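Cβ sites come from the backbone with ideal geometry, for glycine too, and all protein chains shown count toward neighbours. Computed from the coordinates by the stated procedures, all read-outs in this text should not be read as laboratory data.
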Amino acid sequence: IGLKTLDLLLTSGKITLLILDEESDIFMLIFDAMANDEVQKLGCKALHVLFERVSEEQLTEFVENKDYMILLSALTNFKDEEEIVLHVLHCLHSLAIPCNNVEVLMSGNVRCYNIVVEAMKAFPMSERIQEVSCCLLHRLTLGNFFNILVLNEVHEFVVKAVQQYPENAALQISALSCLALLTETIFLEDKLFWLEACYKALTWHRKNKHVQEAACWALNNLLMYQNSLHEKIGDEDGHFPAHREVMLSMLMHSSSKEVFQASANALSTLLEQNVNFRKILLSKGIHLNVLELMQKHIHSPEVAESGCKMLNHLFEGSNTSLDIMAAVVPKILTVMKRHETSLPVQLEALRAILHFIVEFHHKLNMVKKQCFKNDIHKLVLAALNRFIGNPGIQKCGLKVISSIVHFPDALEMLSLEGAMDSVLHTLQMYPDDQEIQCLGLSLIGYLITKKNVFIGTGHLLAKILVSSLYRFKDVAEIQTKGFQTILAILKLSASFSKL
Amino acid sequence: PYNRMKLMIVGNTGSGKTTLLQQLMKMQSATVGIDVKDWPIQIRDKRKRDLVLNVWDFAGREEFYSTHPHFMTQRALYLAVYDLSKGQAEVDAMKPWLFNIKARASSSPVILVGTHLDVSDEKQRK
Amino acid sequence: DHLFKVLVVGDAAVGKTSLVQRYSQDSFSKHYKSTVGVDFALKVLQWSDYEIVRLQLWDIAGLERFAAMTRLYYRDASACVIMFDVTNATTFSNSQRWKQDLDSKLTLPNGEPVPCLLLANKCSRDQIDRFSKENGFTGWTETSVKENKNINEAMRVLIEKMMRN
Ligand SMILES: Nc1nc2c(ncn2[C@@H]2O[C@H](COP(=O)(O)OP(=O)(O)O)[C@@H](O)[C@H]2O)c(=O)[nH]1
C-alpha cells in the first residue's frame, strides 16, 4: 500500500524533486523493498522517473545495484507481466543514458539477451514494450557493436518491429537510426522489406523532421552498402518512388540542416548508383533549388559539403547551357570562399567546378569574364596552396587551372597571383604521382612568362623538368608534355639551355 | 560559494589512518605514497551546503617521508592519528609531522585522534 | 535571376497534371490518371532581357481532400492556381473549399494574400462571374487541357501579375 500510494502521488509532479531532497534514502528504501514480484511492480519502478534526475555518478551506483536487483526480479515476475517488464526496460533506458555505463551493461551481454528475449516473447503484439526495447537498441550502439549473432538477432527483431508497427514515431526514429548504423556494420529478400519500411516511414511522417532524417539516413546507408538494387527505386511499378519523397522532405524542412544533410547524401548515393536518375532531377528543377538552400544555410560547413557533393554527383556526365553556368558557378564560388578551411567542402567544390566548367561565342565570353571577375583564380590557388596534403584536391586544382589558362584573360591575373610558384611546389612535393606530373608539365609551358625566367634565372624550372622527365622516361605523354614545355621555355630565353 | 576542502590524515605506520578513513567515510596491508579520495558530505539538513572533502591518506612507513612535504599545503585540515597500543612513543613519532605542518601551514586546524583504544588502558590515555 | 514556387490545387481526376505537363513538358490531353503523391516540375520564362525567372509548379494531389492540408505545402510558397472541372458543381464546391483553406493557411511578407487564378479546365461564364467578383481573386480564365487553347496566355498573365508585386 505504501508503494501504491507513493506511485499515485508521484504522478502529480513537482513532488519528485522534494522526495529526492529528503533524508530517509527513498532510493535505498526501494532497493530494500525487493521476492514479492507484486513488489518492484508495486514500487512502480518510479526509479526511472527518479532516474530522470539522479546525477550521473549517483546514477552509476544506482546502475550496479539496479542491474542486479531488476534483472533477477524482472525476468521472473515480468516474463509473466507486461507492466513489470515494460517498467524494468524503461528504467534500464533511463539508467543507460551515461556513455560510461554501456560497457557495464555489456559485461556479459546480459542486456542484449534480455532485450532480445523481451522482443521475442514479452511483446508479440504490444506497442509500448516494443518502443521501449527499440529505444534501448538505439541507445546501445557504439564502437563495441561487434556482437555478430546478437547483431543478427537484434536486426531481425527491429525489422520485424518496424513492419509490425509503422504508425508511431516512437519506433521509427530509433529503429531506423540503429538500423542504419547496424547495416553499415553487418553488410561486410531483406532489401525489399527494408525499403518498404523506409518508404512508409517517409510517406506517413512527412511533418516530423527526426523520422524523415532517420529514414533517409537508413536508406542512404543501406544503398551505400548494397549497390545491387539501384534499379529497385523508381517511379515505375514494383519500385518504391523514394526519390520524390526525399526531395519533398528536403524542401518542406529546409530550415533544418540535419534533414538536408541526410537527404542530400541519400540521393547523391542514389545518383551515383544509377545514372538514369540524373537529368530527371534536373527536369524537376533541383540544382538551382539546392543552390538556394545552401544560400540559406551558409553558417555550417556540413550543409555546404553535402550540397557540393550533390552537385558533383548530379552534373557528372552531362553538358549544360551558359545560363546554367551563370546561375551555378557564382554560388559554388561563394560557398568555397566563405568556407576556406574545410578540406571536404573545398574538395567537393573543386570537383564540381571541374566537372561543370567544360551569338554563342559572345555569350560564353561574357560568362567566362563574369566567372573571372568572381575571383575564381584566387580561390582555387589559395585552396590548392594552403592545403598541401590530400593529393585529390591537388589533382582537382591542377585540372581546374588547366581549364582556366585557355580563357581569354587568364594569363595576366594568373601571373599576378603567383600561380607558377604553387605549381612548382606541387610538382616538388609529388614526384612519384603520374597525373600531377603530367598536368604540371603541361601547365608550366602554358603559364610561363619572361618574368619567370628573367635575367637568365630559372634553375628550379630546369631541375624539376629534368627530374620529372628522367623519373618517368617510358611514359610517352609525360615526355611529350615536358618537351613541349621545354621548347616553349627555350622560345623565350636561349640561356635556359645552359641550365 | 565553493564547498571543497582538502583533508590530510597523517601518522606513523599501523596507526589506523586507512581504517579510520573507511569508518568515517562509509586489504589494507599498506598505504603506499598518498591515497587521494573525495568525500561527499552533504549534511542531512539542507541548510548546510554539501562539502566535498579532498581526502589525502598519507603513508606511515618512513620510506615515503621524503616526498610527503611537497604535497603538504595550506588551505587544508589535518588529522594526527596516533596509536595507543604502542604506548607513548607515538607522541614522539608524530613530532616530524607537526614540524612540517607548522612549517608549511602555520594556521591550519590540527586534530589528534588517538585510535585503537579498545585495548589501551586509561593510565596510558591519561 | 529569380525563383518562384506555384502550388496547383483542385479536385481529383480533373487533369491536375495535364496543365503542368502541357505548360512544362509540352504534352496535352493524354490518358487521365490519379496522382499518387506530390510532384514537381520546372518552368523557365524569359520575361525580360537579362532577367530570367524560374518557376516550380507543385501539383498537389487532391485525393486527400478531407485530410488536413499541412501548412508545410504552403510554407514559403509564392503563388497559387485553382483548377476546377467545368462539368460538375461538386468541382466548384471543392475549389471553394481549397480557396477557403488557403485563405486560412497562407501568409505573405506584405500580409496580402498571394495572387489566385480561377482556371476552368476542360472547356457558362455568367455563373462563374458572381464568384469571380465575390471571391476577390486576381483573375479568371477558361481553358481546355486537351486543346491547350488558353493555358499559355493565362500563365503569362499570372506571372505578370505576380511580378507587379
Ligand atoms: N592494532 C590494530 N591495528 C589495526 C586494527 N585494524 C587495522 N589495523 C591496522 O592499521 C593499519 C592502517 O594504518 P595506516 O596508516 O594505513 O598504515 P600504512 O598503510 O602503513 O600507512 C592497517 O594496515 C591495519 O593492518 C586493529 O583493530 N588493531
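Quick notes
- Look at the dipole of the protein assembly as shown built from charges on Cβ: of A:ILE70, A:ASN365, A:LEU59, the Cα furthest out on the positive end belongs to A:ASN365.
- For the protein assembly as shown, a crude dipole built from +1 on the beta carbon of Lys and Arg and -1 on the beta carbon of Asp and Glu, taken about the Cα centre, is about 2620 debye to the nearest 20.
- Efficiency of FRET from Cβ geometry, C:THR35 and A:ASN147, R₀ 41 Å, rounded to 0.05: 0.35
- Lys/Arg +1, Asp/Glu -1 at C-beta; the protein assembly as shown dipole; positive extreme among C:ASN150, A:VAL453, A:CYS135: A:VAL453
- For the stretch B:49-126, a crude dipole built from +1 on the beta carbon of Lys and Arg and -1 on the beta carbon of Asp and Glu, taken about the Cα centre, is about 380 debye to the nearest 20.
- For the stretch A:273-287, the Karplus equation 6.51 cos²θ - 1.76 cosθ + 1.60, evaluated at θ = phi - 60°, returns couplings of 5, 9, 8, 5, 5, 5, 6, 8, 4, 4, 5, 7, x, 10, 5 Hz by residue, with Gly and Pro reported as x.
- Taken one residue at a time, the phi angles of the stretch C:71-83 give Karplus couplings (6.51, -1.76, 1.60, θ = phi - 60°) of 5, 6, 4, 8, 5, 6, 5, 9, 8, 8, 8, 10, 10 Hz. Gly and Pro are set to x.
- The shape of the stretch A:204-300 comes out prolate: with a ≥ b ≥ c from the C-alpha gyration tensor, a/c is at least 1.5 and a/b beats b/c.
- Across all directions, the shadow cast by the convex hull of the protein assembly as shown built on its C-alpha atoms averages 54.9 square nanometres.
- Ordering B:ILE34, A:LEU179, C:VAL8 by the projection of their Cα atoms onto the charge dipole of the protein assembly as shown, which places +1 on the Cβ of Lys and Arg and -1 on the Cβ of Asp and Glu, puts C:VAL8 at the extreme positive end.
- Backbone N under 11 Å from the A:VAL466 label point (7 Å along Cα→Cβ), restricted to the stretch A:437-459: A:459
- Diffusion constant of the stretch A:15-119 at 20 °C, which comes from Stokes-Einstein with the Kirkwood Cα-pair radius and 1.002 mPa s, µm²/s: 153
- Only DSSP H runs of four or more residues enter the estimate; each adds -39500 (n - 2.57), and after division by the residues of the protein assembly as shown the mean residue ellipticity at 222 nm equals -16000 deg cm²/dmol.
- Rounded to the nearest 20 debye, dipole of the stretch A:53-103 from Cβ charges on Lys, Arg, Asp, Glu: 60
- Under 5 Å from the amide H of B:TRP39 lie the amide H atoms of B:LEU53, B:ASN54, B:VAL55, each residue being 5 or more positions distant or on a separate chain, with H modelled from the backbone and absent for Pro and chain starts.
- Distance in nm between pseudo-label sites at A:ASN227 and A:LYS337 (7 Å out along the Cβ direction from Cα): 3.7
- When each of C:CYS80, A:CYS216, A:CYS135 is scored by the number of other beta-carbon atoms lying within 10 Å, the sequence from fewest to most is A:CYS135, C:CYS80, A:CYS216.
- Kirkwood radius and radius of gyration were both taken over the C-alpha atoms of chain C, and their ratio Rg/Rh is 0.93.
- Residues whose placed amide H lies under 5 Å from that of C:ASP59, excluding near-sequence neighbours: C:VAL8, C:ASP39
- Under 13 Å, Cβ to Cβ, from A:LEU229 - net charge with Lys/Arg +1 and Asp/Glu -1: -2
- Residue by residue, the stretch B:99-111 carries 3J(HN,Hα) couplings of 4, 5, 4, 5, 5, 8, 9, 4, 10, 8, x, 10, 10 Hz when phi is fed to the Karplus relation 6.51 cos²θ - 1.76 cosθ + 1.60 (θ = phi - 60°); x denotes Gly or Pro.
- Charge tally around C:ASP26: other residues with Cβ under 15 Å, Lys/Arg +1 each, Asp/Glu -1 each, net +4.
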